[PDB]
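Notes to accompany the following structure.
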2 protein chains.
Amino acid sequence: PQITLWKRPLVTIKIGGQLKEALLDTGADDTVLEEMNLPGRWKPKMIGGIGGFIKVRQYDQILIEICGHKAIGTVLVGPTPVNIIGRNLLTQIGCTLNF
Amino acid sequence: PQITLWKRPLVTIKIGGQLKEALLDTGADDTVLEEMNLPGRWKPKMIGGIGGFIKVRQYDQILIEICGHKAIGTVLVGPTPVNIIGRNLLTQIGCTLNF
Ligand SMILES: CCC(CC)CN(C[C@@H](O)[C@H](Cc1ccccc1)NC(=O)O[C@H]1CO[C@H]2OCC[C@H]21)S(=O)(=O)c1ccc2c(c1)OCO2
C-alpha cells in the first residue's frame with residue numbers, strides 16, 4: 001500500500017502469536033516493542049533515542065508479520081513510549097519513502 | 001525520488017539560511033532540529049522518545065526546503081542528536097511510505 005502521513009502510520013503486527021499495533025518508524029534503525037513476553041533466548045542491550053539511553057532485551061531472528069508481510073529479524077523489548085518498526089524490518093517488507 | 005531504507009534516510013535541507021542533513025522520519029509527529037540560534041518568538045515545549053523527554057523551542061511558520069521541495073510549518077529546536085523532519089512537513093512535500 002501507499003501510506004500518507006497526515007496521521008501516524010500505525011499498523012497491526014503479529015509477533016509471538018499475538019496481535020499488536022506498531023508505528024512504522026523510518027527514523028529508527030531498530031525495532032523496539034513495549035514490555036512483553038517473547039519465546040527464545042535474549043541478550044541485554046542498550047539503545048539510545050532522543051531523550052537518552054534505555055536497557056532492552058534483544059531477541060534475534062524473531063518472526064513479525066507486518067500488514068501481512070513477513071519479516072524475521074532482531075526485536076528489542078523495553079520501555080519504549082510506542083511500539084516502533086524500524087529499518088531493520090522495514091527493509092525486509094520492501095518499504096520505501098517516496099516524494 | 002524513491003529512498004530505500006538500507007541506510008538512514010538522510011537528505012539535505014535548507015533552513016534559516018543554512019544547509020543541513022536531516023532524517024525523513026515517519027515516526028516523528030513534529031520536526032526537531034539540532035540546536036541553532038533562530039530569530040523570532042518561540043514557545044517552550046517538551047517532546048518524548050526513547051530515553052525520556054527533551055526541552056525544545058517551538059518556532060512557527062518556518063520555511064524548510066527539503067531536497068528542493070519547499071515546506072513551511074512548526075519547527076522545534078533543541079538538544080537532539082539528529083535533525084528530524086517530521087510528518088508535519090513530510091505531508092507538505094508529498095512524502096509517502098510504500099510497500
Ligand atoms: C514516539 C515514537 C518515536 C520514539 C520511539 C519518536 N521519535 C522519532 C524516531 O524516529 C527517533 C528519531 C531519532 C533517531 C536517532 C537518535 C535520536 C532520535 N528514532 C529512535 O528513537 O530510534 C531508536 C530505535 O532505533 C535506533 O535507531 C535511532 C535511535 C534508536 S523521537 O525522535 O523521539 C521524536 C521526534 C519528533 C516528535 C516527538 C518524538 O514527539 C512529538 O514530536
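We name chains A, B, ... following the order of the C-alpha cells; residues begin at 1 in each chain, and ligands are numbered from 1 as shown.
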Hey, which residues come within 7 Å of ligand 1 if we count only C-alpha atoms and all ligand atoms? Could you give them as a PDB file with C-alpha atoms, in the first residue's frame?
```
ATOM      1  CA  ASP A  25       9.296   4.488  12.000  1.00  0.00           C
ATOM      2  CA  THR A  26      11.819   5.357   9.294  1.00  0.00           C
ATOM      3  CA  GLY A  27      13.880   7.313  11.832  1.00  0.00           C
ATOM      4  CA  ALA A  28      14.528   4.174  13.875  1.00  0.00           C
ATOM      5  CA  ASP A  29      17.446   1.921  12.976  1.00  0.00           C
ATOM      6  CA  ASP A  30      15.979  -0.854  15.137  1.00  0.00           C
ATOM      7  CA  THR A  31      12.594  -2.329  16.053  1.00  0.00           C
ATOM      8  CA  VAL A  32      11.647  -1.710  19.689  1.00  0.00           C
ATOM      9  CA  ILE A  47      19.781   1.683  22.803  1.00  0.00           C
ATOM     10  CA  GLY A  48      19.686   5.474  22.570  1.00  0.00           C
ATOM     11  CA  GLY A  49      16.910   7.788  21.479  1.00  0.00           C
ATOM     12  CA  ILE A  50      16.077  11.474  21.599  1.00  0.00           C
ATOM     13  CA  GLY A  51      15.953  11.584  25.397  1.00  0.00           C
ATOM     14  CA  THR A  80       9.884   2.493  24.564  1.00  0.00           C
ATOM     15  CA  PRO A  81       6.995   5.005  24.501  1.00  0.00           C
ATOM     16  CA  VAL A  82       5.448   3.306  21.445  1.00  0.00           C
ATOM     17  CA  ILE A  84       8.060   1.001  16.625  1.00  0.00           C
ATOM     18  CA  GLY A  86      12.485   0.234  12.475  1.00  0.00           C
TER      19      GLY A  86
ATOM     20  CA  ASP B  25      11.194  10.387   9.868  1.00  0.00           C
ATOM     21  CA  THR B  26       7.712   8.868   9.623  1.00  0.00           C
ATOM     22  CA  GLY B  27       7.776   8.171  13.373  1.00  0.00           C
ATOM     23  CA  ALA B  28       8.130  11.854  14.267  1.00  0.00           C
ATOM     24  CA  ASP B  29       4.905  13.847  14.650  1.00  0.00           C
ATOM     25  CA  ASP B  30       6.932  17.054  14.670  1.00  0.00           C
ATOM     26  CA  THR B  31      10.111  18.426  13.106  1.00  0.00           C
ATOM     27  CA  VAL B  32      13.055  18.717  15.514  1.00  0.00           C
ATOM     28  CA  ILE B  47       8.852  16.069  23.406  1.00  0.00           C
ATOM     29  CA  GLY B  48       9.362  12.462  24.465  1.00  0.00           C
ATOM     30  CA  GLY B  49      11.004   9.446  22.923  1.00  0.00           C
ATOM     31  CA  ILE B  50      13.272   6.582  23.860  1.00  0.00           C
ATOM     32  CA  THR B  80      18.530  16.460  19.621  1.00  0.00           C
ATOM     33  CA  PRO B  81      21.397  14.315  18.295  1.00  0.00           C
ATOM     34  CA  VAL B  82      19.899  14.326  14.786  1.00  0.00           C
ATOM     35  CA  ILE B  84      14.473  15.200  12.202  1.00  0.00           C
ATOM     36  CA  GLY B  86       8.558  15.049  10.957  1.00  0.00           C
TER      37      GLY B  86
END
```
Show which residues sit within 12 Å of residue 60 (chain A), as JSON, numbers by chain. Count only C-alpha atoms, and ignore same-chain residues fewer than 3 positions away.
{"A": [30, 31, 38, 39, 40, 41, 42, 43, 44, 45, 57, 63, 64, 71, 72, 73, 74, 75, 76, 77, 88]}
Calculated over only C-alpha atoms, which of the candidates A:58, A:12, A:98, A:2 has the smallest distance to residue 78 (chain A)?
A:58
Neighbours of residue 90 (chain A) within 9 Å (only C-alpha atoms; same-chain residues fewer than 2 positions away dropped), as a PyMOL selection string?
(chain A and resi 24-26+66+71+85-88+92-96) or (chain B and resi 5-6+99)
Hey, which of A:33, A:97, A:22, A:67 ends up closest to chain B? Count only C-alpha atoms.
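Ranked by minimum distance to chain B, first place goes to A:97.
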Apply DSSP to the backbone of this structure and, from chain A, keep only the residues in strand (DSSP E or B); write these as a PyMOL selection string.
chain A and resi 2-3+10-15+18-24+32-33+42-48+53-66+69-77+84-85+96-98
Atomic distance CA of residue 65 (chain A) - CA of residue 13 (chain A), expressed in Å with one decimal:
5.5 Å
What does the distance between CA of residue 18 (chain B) and CA of residue 46 (chain B) come to in Å, to one decimal place?
24.7 Å
Have a look at A:3, A:15, A:89, A:36 and name the one nearest to chain B; count only C-alpha atoms.
A:3
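Each of A:62, A:11, A:19, A:54 was compared to chain B using only C-alpha atoms, and A:54 turns out to be the nearest.
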